[PDB]
$ cat input-v3.cif   # mmCIF, N, CA and C atoms
data_upload
loop_
_atom_site.label_atom_id
_atom_site.label_comp_id
_atom_site.auth_asym_id
_atom_site.auth_seq_id
_atom_site.Cartn_x
_atom_site.Cartn_y
_atom_site.Cartn_z
N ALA A 1 3.65 23.96 12.31
CA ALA A 1 3.79 22.69 13.00
C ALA A 1 2.51 21.86 12.88
N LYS A 2 1.46 22.28 13.59
CA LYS A 2 0.20 21.56 13.51
C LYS A 2 -0.48 21.76 12.16
N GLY A 3 -0.31 22.93 11.55
CA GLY A 3 -0.74 23.09 10.16
C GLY A 3 0.04 22.19 9.23
N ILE A 4 1.33 22.00 9.51
CA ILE A 4 2.11 21.01 8.77
C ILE A 4 1.55 19.62 9.03
N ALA A 5 1.07 19.36 10.25
CA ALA A 5 0.43 18.08 10.53
C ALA A 5 -0.85 17.92 9.71
N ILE A 6 -1.59 19.01 9.50
CA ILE A 6 -2.76 18.97 8.63
C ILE A 6 -2.34 18.66 7.20
N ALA A 7 -1.21 19.23 6.77
CA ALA A 7 -0.67 18.90 5.45
C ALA A 7 -0.33 17.42 5.34
N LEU A 8 0.28 16.86 6.39
CA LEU A 8 0.50 15.41 6.44
C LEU A 8 -0.81 14.65 6.32
N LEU A 9 -1.84 15.09 7.05
CA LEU A 9 -3.12 14.40 6.99
C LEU A 9 -3.69 14.42 5.57
N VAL A 10 -3.60 15.56 4.90
CA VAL A 10 -4.13 15.68 3.54
C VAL A 10 -3.36 14.77 2.59
N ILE A 11 -2.03 14.81 2.64
CA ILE A 11 -1.25 14.01 1.70
C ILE A 11 -1.44 12.53 1.98
N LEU A 12 -1.54 12.15 3.26
CA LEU A 12 -1.71 10.74 3.58
C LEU A 12 -3.09 10.24 3.19
N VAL A 13 -4.13 11.07 3.34
CA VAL A 13 -5.45 10.61 2.93
C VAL A 13 -5.53 10.51 1.41
N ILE A 14 -4.86 11.42 0.69
CA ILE A 14 -4.82 11.31 -0.77
C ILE A 14 -4.13 10.02 -1.19
N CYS A 15 -2.95 9.75 -0.63
CA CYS A 15 -2.21 8.55 -1.02
C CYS A 15 -2.95 7.29 -0.60
N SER A 16 -3.56 7.30 0.59
CA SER A 16 -4.32 6.14 1.05
C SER A 16 -5.51 5.87 0.15
N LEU A 17 -6.23 6.92 -0.27
CA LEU A 17 -7.37 6.72 -1.15
C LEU A 17 -6.93 6.21 -2.52
N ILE A 18 -5.83 6.75 -3.05
CA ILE A 18 -5.40 6.30 -4.38
C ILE A 18 -4.91 4.86 -4.32
N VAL A 19 -4.22 4.47 -3.24
CA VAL A 19 -3.76 3.08 -3.17
C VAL A 19 -4.92 2.15 -2.84
N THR A 20 -5.95 2.64 -2.14
CA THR A 20 -7.15 1.84 -1.95
C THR A 20 -7.86 1.60 -3.27
N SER A 21 -7.91 2.62 -4.12
CA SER A 21 -8.45 2.43 -5.47
C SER A 21 -7.59 1.44 -6.25
N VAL A 22 -6.27 1.51 -6.09
CA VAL A 22 -5.38 0.59 -6.78
C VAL A 22 -5.66 -0.85 -6.35
N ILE A 23 -5.78 -1.08 -5.04
CA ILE A 23 -6.05 -2.43 -4.54
C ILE A 23 -7.48 -2.87 -4.77
N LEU A 24 -8.38 -1.94 -5.11
CA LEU A 24 -9.72 -2.32 -5.53
C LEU A 24 -9.77 -2.69 -7.00
N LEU A 25 -8.93 -2.06 -7.83
CA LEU A 25 -8.92 -2.35 -9.26
C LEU A 25 -8.05 -3.55 -9.62
N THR A 26 -6.95 -3.77 -8.91
CA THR A 26 -6.06 -4.88 -9.27
C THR A 26 -6.71 -6.26 -9.19
N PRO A 27 -7.54 -6.61 -8.18
CA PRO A 27 -8.03 -8.00 -8.20
C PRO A 27 -9.13 -8.18 -9.25
N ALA A 28 -8.70 -8.39 -10.49
CA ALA A 28 -9.64 -8.51 -11.60
C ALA A 28 -10.56 -9.70 -11.41
N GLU A 29 -10.02 -10.84 -10.97
CA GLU A 29 -10.86 -12.01 -10.73
C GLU A 29 -11.74 -11.81 -9.49
N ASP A 30 -11.11 -11.67 -8.32
CA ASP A 30 -11.81 -11.43 -7.05
C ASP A 30 -12.95 -12.42 -6.82
N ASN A 31 -12.85 -13.60 -7.42
CA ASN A 31 -13.92 -14.59 -7.36
C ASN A 31 -13.32 -15.98 -7.48
N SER A 32 -14.10 -16.97 -7.06
CA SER A 32 -13.69 -18.37 -7.15
C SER A 32 -14.94 -19.24 -7.14
N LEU A 33 -14.75 -20.50 -7.51
CA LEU A 33 -15.84 -21.47 -7.56
C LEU A 33 -15.61 -22.55 -6.52
N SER A 34 -16.62 -22.80 -5.69
CA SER A 34 -16.52 -23.75 -4.60
C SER A 34 -16.95 -25.14 -5.07
N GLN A 35 -17.15 -26.05 -4.13
CA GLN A 35 -17.50 -27.42 -4.45
C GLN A 35 -18.92 -27.51 -4.99
N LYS A 36 -19.22 -28.64 -5.63
CA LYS A 36 -20.51 -28.86 -6.26
C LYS A 36 -21.54 -29.30 -5.23
N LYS A 37 -22.71 -29.72 -5.70
CA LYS A 37 -23.82 -30.07 -4.82
C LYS A 37 -23.76 -31.55 -4.44
N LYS A 38 -23.97 -31.83 -3.15
CA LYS A 38 -24.00 -33.19 -2.65
C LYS A 38 -25.37 -33.81 -2.92
N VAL A 39 -25.56 -35.05 -2.46
CA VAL A 39 -26.77 -35.82 -2.72
C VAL A 39 -27.58 -35.91 -1.44
N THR A 40 -28.85 -35.50 -1.52
CA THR A 40 -29.78 -35.56 -0.40
C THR A 40 -31.01 -36.36 -0.82
N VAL A 41 -31.95 -36.51 0.13
CA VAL A 41 -33.16 -37.29 -0.14
C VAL A 41 -33.97 -36.65 -1.25
N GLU A 42 -34.10 -35.32 -1.22
CA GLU A 42 -34.81 -34.62 -2.29
C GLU A 42 -34.19 -34.92 -3.65
N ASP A 43 -32.86 -35.00 -3.71
CA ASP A 43 -32.19 -35.31 -4.97
C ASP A 43 -32.59 -36.68 -5.50
N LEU A 44 -32.64 -37.69 -4.63
CA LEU A 44 -33.14 -38.99 -5.05
C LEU A 44 -34.58 -38.89 -5.53
N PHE A 45 -35.41 -38.15 -4.80
CA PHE A 45 -36.82 -38.02 -5.14
C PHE A 45 -37.09 -36.84 -6.07
N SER A 46 -36.04 -36.14 -6.51
CA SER A 46 -36.20 -35.14 -7.55
C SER A 46 -36.49 -35.80 -8.90
N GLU A 47 -37.26 -35.09 -9.73
CA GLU A 47 -37.59 -35.61 -11.05
C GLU A 47 -36.34 -35.85 -11.89
N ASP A 48 -35.29 -35.06 -11.67
CA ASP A 48 -34.08 -35.19 -12.47
C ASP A 48 -33.40 -36.54 -12.29
N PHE A 49 -33.56 -37.16 -11.12
CA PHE A 49 -32.94 -38.45 -10.85
C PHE A 49 -33.73 -39.62 -11.39
N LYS A 50 -34.91 -39.39 -11.96
CA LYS A 50 -35.70 -40.47 -12.52
C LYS A 50 -34.98 -41.10 -13.71
N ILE A 51 -35.07 -42.42 -13.81
CA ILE A 51 -34.39 -43.18 -14.85
C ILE A 51 -35.31 -43.33 -16.05
N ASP B 1 33.23 26.67 15.80
CA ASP B 1 32.73 28.04 15.82
C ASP B 1 32.34 28.52 14.43
N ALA B 2 32.99 27.99 13.39
CA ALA B 2 32.75 28.44 12.02
C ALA B 2 32.57 27.28 11.04
N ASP B 3 31.91 26.20 11.46
CA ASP B 3 31.65 25.08 10.56
C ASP B 3 30.74 25.47 9.40
N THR B 4 29.49 25.81 9.70
CA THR B 4 28.49 26.01 8.66
C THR B 4 27.65 27.24 8.97
N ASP B 5 27.07 27.81 7.92
CA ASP B 5 26.15 28.92 8.03
C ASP B 5 25.08 28.77 6.96
N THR B 6 23.84 29.12 7.32
CA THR B 6 22.71 28.96 6.41
C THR B 6 22.79 30.01 5.31
N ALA B 7 23.19 29.58 4.12
CA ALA B 7 23.31 30.48 2.98
C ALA B 7 23.13 29.73 1.67
N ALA B 8 16.05 30.15 -5.87
CA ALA B 8 16.51 29.34 -7.00
C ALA B 8 15.95 27.93 -6.91
N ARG B 9 16.14 27.14 -7.97
CA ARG B 9 15.71 25.75 -7.94
C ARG B 9 16.57 24.93 -6.99
N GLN B 10 17.87 25.22 -6.94
CA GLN B 10 18.74 24.60 -5.96
C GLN B 10 18.44 25.04 -4.53
N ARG B 11 17.75 26.17 -4.36
CA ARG B 11 17.51 26.71 -3.02
C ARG B 11 16.70 25.74 -2.17
N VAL B 12 15.66 25.13 -2.75
CA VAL B 12 14.85 24.17 -2.01
C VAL B 12 15.70 23.00 -1.53
N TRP B 13 16.83 22.75 -2.20
CA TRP B 13 17.79 21.75 -1.72
C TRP B 13 18.15 22.01 -0.26
N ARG B 14 18.51 23.26 0.06
CA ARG B 14 18.78 23.61 1.45
C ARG B 14 17.54 23.38 2.31
N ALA B 15 16.37 23.73 1.77
CA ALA B 15 15.13 23.36 2.45
C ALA B 15 14.95 21.85 2.51
N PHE B 16 15.31 21.14 1.44
CA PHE B 16 15.11 19.70 1.40
C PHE B 16 16.00 18.98 2.40
N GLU B 17 17.29 19.31 2.43
CA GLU B 17 18.23 18.69 3.35
C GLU B 17 18.21 19.32 4.74
N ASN B 18 17.42 20.37 4.93
CA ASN B 18 17.09 20.89 6.26
C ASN B 18 15.57 21.00 6.33
N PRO B 19 14.88 19.87 6.47
CA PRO B 19 13.41 19.89 6.38
C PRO B 19 12.73 20.76 7.42
N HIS B 20 13.39 21.05 8.54
CA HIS B 20 12.81 21.95 9.52
C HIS B 20 13.10 23.40 9.14
N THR B 21 12.86 23.74 7.88
CA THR B 21 12.95 25.11 7.38
C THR B 21 11.65 25.57 6.75
N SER B 22 11.05 24.75 5.89
CA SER B 22 9.82 25.09 5.19
C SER B 22 8.79 24.00 5.44
N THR B 23 7.51 24.38 5.33
CA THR B 23 6.43 23.44 5.57
C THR B 23 6.44 22.31 4.55
N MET B 24 6.67 22.63 3.28
CA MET B 24 6.64 21.60 2.24
C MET B 24 7.76 20.57 2.44
N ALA B 25 8.96 21.03 2.78
CA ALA B 25 10.06 20.10 3.02
C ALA B 25 9.76 19.20 4.20
N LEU B 26 9.22 19.77 5.28
CA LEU B 26 8.91 18.97 6.46
C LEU B 26 7.81 17.96 6.19
N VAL B 27 6.77 18.35 5.45
CA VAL B 27 5.69 17.41 5.16
C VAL B 27 6.19 16.29 4.26
N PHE B 28 7.02 16.62 3.26
CA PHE B 28 7.57 15.57 2.40
C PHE B 28 8.46 14.63 3.20
N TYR B 29 9.28 15.18 4.10
CA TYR B 29 10.15 14.36 4.95
C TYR B 29 9.33 13.40 5.80
N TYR B 30 8.33 13.93 6.51
CA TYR B 30 7.51 13.09 7.37
C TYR B 30 6.75 12.04 6.57
N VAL B 31 6.22 12.42 5.40
CA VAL B 31 5.40 11.47 4.65
C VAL B 31 6.26 10.39 4.01
N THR B 32 7.50 10.72 3.60
CA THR B 32 8.35 9.67 3.07
C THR B 32 8.85 8.74 4.18
N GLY B 33 9.04 9.26 5.39
CA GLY B 33 9.29 8.37 6.52
C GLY B 33 8.11 7.46 6.78
N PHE B 34 6.89 8.00 6.71
CA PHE B 34 5.69 7.19 6.85
C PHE B 34 5.62 6.13 5.76
N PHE B 35 6.04 6.48 4.54
CA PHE B 35 6.05 5.51 3.45
C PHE B 35 7.05 4.40 3.69
N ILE B 36 8.24 4.73 4.18
CA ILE B 36 9.22 3.70 4.52
C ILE B 36 8.64 2.77 5.58
N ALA B 37 8.02 3.35 6.61
CA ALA B 37 7.44 2.55 7.68
C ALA B 37 6.32 1.66 7.16
N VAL B 38 5.44 2.20 6.31
CA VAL B 38 4.33 1.41 5.82
C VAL B 38 4.82 0.33 4.87
N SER B 39 5.91 0.57 4.14
CA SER B 39 6.46 -0.47 3.28
C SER B 39 7.05 -1.61 4.09
N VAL B 40 7.80 -1.30 5.15
CA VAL B 40 8.35 -2.39 5.96
C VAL B 40 7.24 -3.12 6.71
N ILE B 41 6.20 -2.40 7.15
CA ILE B 41 5.06 -3.06 7.77
C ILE B 41 4.33 -3.94 6.76
N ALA B 42 4.25 -3.49 5.51
CA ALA B 42 3.66 -4.32 4.46
C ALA B 42 4.46 -5.59 4.27
N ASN B 43 5.79 -5.49 4.29
CA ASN B 43 6.61 -6.69 4.17
C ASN B 43 6.36 -7.66 5.32
N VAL B 44 6.37 -7.15 6.56
CA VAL B 44 6.24 -8.05 7.70
C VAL B 44 4.85 -8.69 7.74
N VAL B 45 3.80 -7.91 7.45
CA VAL B 45 2.45 -8.49 7.39
C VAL B 45 2.22 -9.29 6.12
N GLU B 46 3.12 -9.21 5.15
CA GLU B 46 3.12 -10.18 4.06
C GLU B 46 3.67 -11.51 4.54
N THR B 47 4.72 -11.47 5.36
CA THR B 47 5.32 -12.71 5.85
C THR B 47 4.40 -13.49 6.79
N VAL B 48 3.44 -12.84 7.43
CA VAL B 48 2.58 -13.54 8.39
C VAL B 48 1.70 -14.54 7.63
N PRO B 49 1.42 -15.72 8.19
CA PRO B 49 0.62 -16.71 7.44
C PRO B 49 -0.77 -16.23 7.07
N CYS B 50 -1.41 -15.41 7.90
CA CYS B 50 -2.76 -14.95 7.61
C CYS B 50 -2.84 -14.16 6.31
N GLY B 51 -1.74 -13.53 5.89
CA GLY B 51 -1.77 -12.70 4.70
C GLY B 51 -1.33 -13.38 3.42
N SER B 52 -0.19 -14.08 3.45
CA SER B 52 0.40 -14.63 2.23
C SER B 52 0.83 -16.08 2.43
N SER B 53 -0.04 -16.88 3.02
CA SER B 53 0.17 -18.32 3.12
C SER B 53 -1.14 -19.02 2.83
N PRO B 54 -1.08 -20.29 2.41
CA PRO B 54 -2.33 -21.06 2.23
C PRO B 54 -2.95 -21.45 3.56
N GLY B 55 -3.32 -20.46 4.38
CA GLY B 55 -3.97 -20.76 5.64
C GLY B 55 -5.29 -21.49 5.45
N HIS B 56 -6.06 -21.09 4.44
CA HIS B 56 -7.30 -21.77 4.06
C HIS B 56 -7.23 -22.04 2.56
N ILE B 57 -6.73 -23.23 2.20
CA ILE B 57 -6.72 -23.63 0.80
C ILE B 57 -8.14 -23.72 0.26
N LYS B 58 -9.09 -24.07 1.13
CA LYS B 58 -10.49 -24.18 0.72
C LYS B 58 -11.03 -22.85 0.21
N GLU B 59 -10.52 -21.74 0.72
CA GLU B 59 -10.93 -20.42 0.25
C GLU B 59 -9.73 -19.60 -0.20
N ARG B 60 -7.25 -13.97 3.65
CA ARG B 60 -7.04 -14.63 2.36
C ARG B 60 -5.72 -14.19 1.74
N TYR B 61 -5.26 -14.95 0.74
CA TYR B 61 -4.01 -14.63 0.07
C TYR B 61 -4.20 -13.43 -0.85
N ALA B 62 -3.88 -12.24 -0.36
CA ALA B 62 -4.00 -11.03 -1.16
C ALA B 62 -2.71 -10.81 -1.94
N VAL B 63 -2.84 -10.61 -3.24
CA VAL B 63 -1.70 -10.27 -4.09
C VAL B 63 -1.65 -8.76 -4.21
N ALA B 64 -2.55 -8.08 -3.48
CA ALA B 64 -2.56 -6.62 -3.47
C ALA B 64 -1.27 -6.06 -2.89
N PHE B 65 -0.63 -6.79 -1.96
CA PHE B 65 0.64 -6.34 -1.42
C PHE B 65 1.69 -6.17 -2.51
N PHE B 66 1.57 -6.94 -3.60
CA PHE B 66 2.50 -6.81 -4.71
C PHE B 66 2.50 -5.41 -5.30
N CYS B 67 1.42 -4.66 -5.09
CA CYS B 67 1.39 -3.26 -5.48
C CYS B 67 2.03 -2.35 -4.43
N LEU B 68 1.79 -2.64 -3.15
CA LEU B 68 2.15 -1.70 -2.08
C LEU B 68 3.63 -1.35 -2.11
N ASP B 69 4.49 -2.34 -2.32
CA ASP B 69 5.91 -2.06 -2.43
C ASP B 69 6.20 -1.16 -3.63
N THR B 70 5.70 -1.55 -4.81
CA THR B 70 6.10 -0.89 -6.05
C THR B 70 5.83 0.61 -5.97
N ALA B 71 4.59 0.98 -5.63
CA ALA B 71 4.26 2.39 -5.48
C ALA B 71 5.23 3.06 -4.52
N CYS B 72 5.39 2.48 -3.33
CA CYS B 72 6.33 3.04 -2.36
C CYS B 72 7.70 3.20 -2.98
N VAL B 73 8.18 2.16 -3.67
CA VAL B 73 9.49 2.23 -4.30
C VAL B 73 9.55 3.43 -5.23
N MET B 74 8.55 3.55 -6.11
CA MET B 74 8.54 4.67 -7.04
C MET B 74 8.56 5.99 -6.28
N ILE B 75 7.78 6.07 -5.20
CA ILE B 75 7.78 7.29 -4.41
C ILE B 75 9.20 7.62 -3.97
N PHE B 76 9.89 6.64 -3.38
CA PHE B 76 11.25 6.89 -2.92
C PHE B 76 12.10 7.41 -4.06
N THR B 77 11.95 6.82 -5.25
CA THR B 77 12.78 7.21 -6.38
C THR B 77 12.76 8.72 -6.57
N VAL B 78 11.58 9.34 -6.47
CA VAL B 78 11.49 10.75 -6.83
C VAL B 78 12.40 11.58 -5.94
N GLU B 79 12.42 11.32 -4.63
CA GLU B 79 13.28 12.14 -3.79
C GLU B 79 14.74 11.87 -4.12
N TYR B 80 15.08 10.61 -4.39
CA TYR B 80 16.41 10.30 -4.90
C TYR B 80 16.65 11.07 -6.20
N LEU B 81 15.68 11.02 -7.12
CA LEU B 81 15.80 11.83 -8.33
C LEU B 81 15.85 13.31 -7.99
N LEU B 82 15.11 13.72 -6.95
CA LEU B 82 15.22 15.10 -6.48
C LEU B 82 16.65 15.42 -6.11
N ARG B 83 17.31 14.51 -5.38
CA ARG B 83 18.70 14.72 -5.03
C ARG B 83 19.62 14.58 -6.23
N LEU B 84 19.16 13.94 -7.30
CA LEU B 84 19.88 14.00 -8.57
C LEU B 84 19.70 15.34 -9.26
#
$ encode --input "input-v3.cif" --output "structure tokens"
Amino acid sequence: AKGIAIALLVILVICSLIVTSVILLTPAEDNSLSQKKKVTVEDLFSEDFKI
Amino acid sequence: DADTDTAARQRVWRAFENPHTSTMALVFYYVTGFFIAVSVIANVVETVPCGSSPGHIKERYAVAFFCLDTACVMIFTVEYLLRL
């Protein structure tokens, strides 16, 4: 009974770990690009903004 | 009074369809019930906006759930195949 419960614990931890590995490997991208840089006072006074 | 009486590779079938006979049959029974439960819970928590809706278009929408069903489905198949 309780040893059978230990068997449940073992099989469930095995399946949980393998599916956790699956969900760690599937998101190949797992990344995105956000918005660009806004304009501040330093940007106006940055050398790059010189004409 | 005389309906049924408890009486090989087919032998585990009696263990399989009477899971309260052997430890392996009982553990497989309980774990496949847990798999059914986790699959339906995966479906319902897929339907919730926090999981599979554009709650934050600015940024979550996990497509990992697309795996959770399939594996579970395959798992179920084997016991069905077992009964085959």
$ residues_around --input "input-v3.cif" --residues "region 23-33 of chain A" --least-positions-apart "4" --cutoff "9 Å" --atoms "only C-alpha atoms" --output "MDAnalysis selection string"
(chainID A and resid 18:19) or (chainID B and resid 59 62:65 67:68)
$ resolve_selection --input "input-v3.cif" --expression "the PyMOL selection byres ((chain B) within 7 of (chain A))" --output "MDAnalysis selection string"
chainID B and resid 23 26:27 31 64
$ atom_distance --input "input-v3.cif" --atom1 "CA of residue 84 (chain B)" --atom2 "CA of residue 39 (chain B)"
23.0 Å
$ select_by_dssp --input "input-v3.cif" --residues "chain A" --states "alpha helix (DSSP H)" --output "list in words"
residues 2, 3, 4, 5, 6, 7, 8, 9, 10, 11, 12, 13, 14, 15, 16, 17, 18, 19, 20, 21, 22, 23, 24, 25, 41, 42, 43, 44 and 45 of chain A
$ atom_distance --input "input-v3.cif" --atom1 "CA of residue 3 (chain B)" --atom2 "atom N of residue 83 (chain B)"
23.9 Å
$ atom_distance --input "input-v3.cif" --atom1 "CA of residue 15 (chain B)" --atom2 "CA of residue 41 (chain B)"
28.8 Å
